[PDB]
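Computed over heavy atoms, backbone and side chain alike; hydrogens, waters and symmetry mates excluded. Order of the sequence lines sets the chain letters (A, B, ...), proteins ahead of strands, with each chain counted from 1.
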There are 2 protein chains.
Amino acid sequence: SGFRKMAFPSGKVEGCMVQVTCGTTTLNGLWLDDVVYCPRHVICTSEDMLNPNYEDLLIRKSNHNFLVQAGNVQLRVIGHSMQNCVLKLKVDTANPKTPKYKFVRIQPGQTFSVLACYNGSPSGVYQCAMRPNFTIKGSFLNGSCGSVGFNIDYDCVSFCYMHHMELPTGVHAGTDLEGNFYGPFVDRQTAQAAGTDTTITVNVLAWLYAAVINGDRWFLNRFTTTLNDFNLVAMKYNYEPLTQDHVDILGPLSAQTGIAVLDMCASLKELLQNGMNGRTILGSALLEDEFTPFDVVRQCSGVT
Amino acid sequence: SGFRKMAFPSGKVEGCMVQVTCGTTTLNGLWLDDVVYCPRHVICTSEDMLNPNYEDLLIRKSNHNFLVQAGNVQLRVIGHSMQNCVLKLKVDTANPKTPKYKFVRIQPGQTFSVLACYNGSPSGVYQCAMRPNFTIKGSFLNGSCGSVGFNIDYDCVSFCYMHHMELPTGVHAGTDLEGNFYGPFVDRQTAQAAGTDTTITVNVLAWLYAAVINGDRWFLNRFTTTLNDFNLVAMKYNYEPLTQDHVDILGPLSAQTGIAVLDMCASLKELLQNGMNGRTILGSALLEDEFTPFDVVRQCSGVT
Ligand SMILES: *[C@@]1(O)C(=O)N(Cc2ccccc2OCC)c2ccc(Br)cc21
Ligand SMILES: *[C@@]1(O)C(=O)N(Cc2ccccc2OCC)c2ccc(Br)cc21
């Protein structure tokens with residue numbers, strides 16, 4: 001027992017991290033097979049970021065201007081291309097440490113692990129969730145661009161995120177591994193505000209199921225509710241509307257605990273209306289929304 | 001910016017995880033050089049755990065009874081010995097993936113990363129702290145014994161913890177890598193209650209410094225206090241007494257923010273006396289005590 005914000009073991013991803021330098025700019029690259037992926041703004045000076053024309057800026061760059069270093073060995077760059085907001089540097093050597101992998105574009109509400117890197121070297125690993133306004137509440141300092149988000153299914157790494165920007169609000173924006181930004185952000189030093197950060201309702205319910213499994217039961221009540229009734233409360237507290245798809249994904253958790261999804265919704269409803277009255281749930285004094293129903297099943301069953 | 005409960009990149013530790021089986025019991029082992037470390041209760045049946053005599057139980061075990069599997073390859077066991085509560089299985093092959101390493105016995109209040117494993121395979125990684133009552137609030141299910149805690153200084157892995165037990169309260173007990181339990185616990189299925197879980201005061205202050213650095217400033221007040229005055233409040237709220245050593249370790253954080261340690265103590269004091277009034281600090285609605293002053297400096301500077 002016990003429930004923790006757990007990240008995936010990052011070894012498979014650490015083996016892909018490289019450093020990319022173009023002129024005076026250094027960031028992280030992801031080396032998979034004979035290709036290094038990195039944010040296209042590696043070609044920018046801090047001056048260029050106000051209003052860059054990446055196609056024009058790229059015309060001035062040749063293969064030899066992209067210095068790619070894997071630990072202490074230098075990769076030979078034999079090609080470069082821009083796909084959306086990422087650069088693809090074809091190197092002459094396949095990364096011998098390339099794990100089985102996929103590139104996936106995740107939905108808001110989904111969680112992933114971030115291996116924060118600086119100059120091609122990993123600093124740490126933490127769990128994240130793509131917020132409903134398509135930002136992530138990360139921990140990134142200058143030089144962290146190029147760090148990636150991922151999930152792992154047994155031996156396959158699904159890369160979902162690549163870090164590109166920090167909003168003036170201290171929240172983070174980035175792309176999937178095809179270079180497309182999540183949400184409306186652009187790789188430009190401009191005023192970009194994020195939308196409402198709503199709470200991921202399905203994740204809070206799943207975390208309430210994790211809490212009942214681990215002994216925190218005080219919040220369980222004598223009530224029930226309906227999808228429409230619950231959603232009126234969810235709307236008042238800027239929570240995502242719960243759908244029958246969400247009820248369905250919560251099925252296994254409902255099955256193992258014997259607490260019907262709508263009964264848990266009524267516990268959540270009372271907690272929204274009354275707060276926690278100085279109490280805690282799984283060591284938290286707020287309703288945690290960055291564990292999906294899959295993460296809870298995975299942690300509560302011991303999947304490796 | 002942004003502040004997260006970050007774990008160390010676990011790749012170096014994943015390369016050491018092996019599976020150990022003795023009879024019907026399977027747990028995790030740590031393979032470093034030509035030695036596999038694992039909890040000695042691998043030799044026990046669930047029946048033996050009520051009152052085991054490990055020396056007697058071990059007399060019945062030979063090298064060939066300890067099955068050690070690294071991924072899918074079988075290690076040949078050429079020796080076995082019991083050091084305190086750990087077994088040391090000498091294998092005929094040095095682990096080619098052994099990183100630079102040390103064995104350290106940490107103090108209460110110190111933090112470390114746990115690579116939770118099942119059958120020699122990593123499931124996830126999370127940050128922990130050795131509680132002042134020498135327990136850890138982990139996430140461990142059956143088969144997680146043998147999973148290790150560690151810190152990393154550049155390329156050197158300092159192993160500090162090895163998981164052995166779950167208390168009837170759902171908290172966790174284990175040893176350092178010499179087999180000595182932290183706190184008074186024994187590897188036996190008996191009533192073992194933990195002492196008072198006090199809050200690690202120096203870590204809360206360090207986390208308040210991390211919050212000021214990242215923009216959460218609302219809790220800063222017009223007051224100051226003294227070590228003795230603050231400690232009267234700390235005693236009332238079961239917080240660890242703050243010492244001049246703690247004030248000293250907080251020096252760099254005090255220096256970079258310009259907020260004197262005793263002024264931060266007065267912010268902490270008001271927060272203890274008044275609560276957070278529905279507000280949050282670094283996305284938490286409680287005072288976080290599992291970031292040491294070193295963890296905060298490391299995260300706020302980008303150490304790799
Ligand atoms: C990341 O390492 C990086 O390249 N970078 C610079 C950057 C990125 C987006 C917009 C502007 C800009 O530079 C302004 C001069 C950056 C910024 C913040 C973070 Br958290 C990481 C990185
Ligand atoms: C760990 O995998 C393990 O071996 N184990 C069994 C155990 C450990 C301590 C006391 C008793 C006992 O078995 C009782 C039958 C165990 C128990 C709990 C956890 Br979280 C991990 C492990």
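The structure places CG of A:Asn142 at 9.0 Å from OH of A:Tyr118, a figure rounded to the nearest 0.5 Å. In this structure, the separation between OH on B:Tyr126 and CD on A:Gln299 is 8.0 Å, given to the nearest 0.5 Å. Taken from CG in A:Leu27 to OG in A:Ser144, the straight-line distance is 9.0 Å, to the nearest 0.5 Å. Rounded to the nearest 0.5 angstrom, B:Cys160 SG and B:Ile106 CD1 are separated by 4.0 Å. We find the CE-CD distance between A:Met162 and A:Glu178 to be 12.5 Å, quoted to the nearest 0.5 Å. How far CZ of A:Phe159 is from CG of A:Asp176: 13.0 Å, rounded to the nearest 0.5 Å.
Side-chain contact between B:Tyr54 and B:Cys44: present, with at least one pair of heavy atoms (C-beta onward) separated by less than 4.5 Å. With contacts defined as side-chain heavy-atom distances shorter than 4.5 Å, the pair A:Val18/A:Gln69 does not qualify. Looking only at side-chain heavy atoms (C-beta outward), A:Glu290 and A:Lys5 come within less than 4.5 Å of each other. Residues A:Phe112 and A:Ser158 fail the side-chain proximity criterion, which asks for heavy atoms closer than 4.5 Å. A:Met130 places a side-chain heavy atom less than 4.5 Å from the side chain of A:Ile136. Side-chain contact between A:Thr111 and A:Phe294 is absent, with no heavy atoms from C-beta onward closer than 4.5 Å. Looking only at side-chain heavy atoms (C-beta outward), A:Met17 and A:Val13 come within less than 4.5 Å of each other. Side-chain contact between A:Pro293 and A:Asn203 is present, with heavy atoms from C-beta onward closer than 4.5 Å.
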Does the side-chain contact (heavy atoms from CB on, under 4.5 Å) test come out yes or no for A:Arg76 and A:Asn63, once each step is laid out? CA-CA 9 Å; A:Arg76 188 169 296 272; A:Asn63 290 337; over 6 Å; no
Verify side-chain contact (heavy atoms from CB on, under 4.5 Å) between B:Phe140 and B:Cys145, making sure each step is shown before the conclusion. CA-CA 8 Å; B:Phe140 292 106; B:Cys145 294; over 6 Å; no
Candidate pair B:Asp197 and B:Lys137, rule side-chain contact (heavy atoms from CB on, under 4.5 Å), full reasoning: CA-CA 10 Å; B:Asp197 200 342; B:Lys137 297 183 186 159; 3.0 Å; yes
Given B:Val36 and B:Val20, is the side-chain contact (heavy atoms from CB on, under 4.5 Å) satisfied, shown in steps? CA-CA 9 Å; B:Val36 175; B:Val20 181; 3.9 Å; yes
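Nearest heavy-atom pair across A:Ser113 and A:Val125 is CB-CG2, 4.4 Å. The minimum heavy-atom distance between B:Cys38 and B:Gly29, with the atom names listed, is CB-CA, 3.9 Å. The minimum heavy-atom distance linking A:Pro9 with A:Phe150 is given by the pair O-CE1, 4.2 Å. Annotation for B:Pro108 and B:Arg131: closest pair CB-O, 3.6 Å, computed over non-hydrogen atoms. The shortest heavy-atom contact between A:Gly138 and A:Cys128 is CA-SG, 4.4 Å. Between B:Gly179 and B:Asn84, the closest heavy-atom pair is O-CB, 3.4 Å.
Remark: side-chain polar atoms of A:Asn28 are paired, donor with acceptor, to backbone N or O of A:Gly120 under 3.5 angstrom. The main-chain N or O of A:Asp33 is found under 3.5 Å from a side-chain atom of A:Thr98 such that the two form a donor-acceptor pair. At distances below 3.5 Å, not a single donor-acceptor pair connects side-chain atoms of B:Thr26 with backbone N or O atoms of B:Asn119. For B:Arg188 (side chain) and B:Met49 (main-chain N/O), no donor-acceptor pair under 3.5 Å exists by modelled atom type. A donor-acceptor pair is defined here as one N or O able to donate and one able to accept, closer than 3.5 Å; no such pair exists between the side chain of B:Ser62 and the backbone of B:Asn65. Proximity of a side-chain donor or acceptor of A:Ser123 to a complementary backbone N or O of A:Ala116 within less than 3.5 Å is detected. In this structure, the side chain of A:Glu14 engages the main chain of B:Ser10 through a donor-acceptor pair within 3.5 Å.
With sequence neighbours left out, the side chain to side chain contact (heavy atoms under 4.5 Å, CB included) criterion links B:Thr198 to B:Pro132, B:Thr196, B:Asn238, B:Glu240. Take A:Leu282 and apply the side chain to side chain contact (heavy atoms under 4.5 Å, CB included) test, not counting sequence neighbours, and it matches A:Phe3, A:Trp207, A:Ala210, A:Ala211, A:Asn214, A:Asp216. Under the ring pair (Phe, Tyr, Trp, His ring centres under 6.0 Å) criterion, B:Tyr37 pairs with B:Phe103, sequence neighbours left out. By the ring pair (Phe, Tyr, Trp, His ring centres under 6.0 Å) test, A:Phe8 pairs with no residue at all, sequence neighbours left out. Contacts of B:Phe181 classified as ring pair (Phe, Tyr, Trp, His ring centres under 6.0 Å), with partners at least two apart in sequence or in another chain: B:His164.
Residue B:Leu75 forms a side-chain contact (heavy atoms from CB on, under 4.5 Å) with just one option from B:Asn95, B:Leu67, B:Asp34, B:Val68, and that option is B:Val68.
Residues A:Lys102 and A:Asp153 are not paired through a salt bridge, judged by the lack of any N-O separation under 4.0 Å between the basic side chain and the carboxylate.
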Side chains of residues 86-93 of chain B: which donor-acceptor partners sit under 3.5 Å, not counting sequence neighbours?
unit_1  : atom_1 : unit_2  : atom_2 : d
B:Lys88 : NZ     : B:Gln83 : OE1    : 3.4

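No hydrogens or angles considered: a donor-acceptor pair under 3.5 Å links the side chains of B:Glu166 and A:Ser1. If you check the side chains of B:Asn133 and B:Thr135, you find a donor sitting under 3.5 Å from an acceptor.
Relative ring orientation between A:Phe66 and A:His80 is described as tilted, the plane-to-plane angle lying within the 30° to 60° band.
For B:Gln74, the CD atom counts as densely surrounded, since its 6.0 Å shell holds more than 12 non-hydrogen atoms of other residues, nucleotides or ligands. In the displayed structure, B:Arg105 atom CZ is contacted under 6.0 Å by more than 12 heavy atoms of other residues, nucleotides or ligands.
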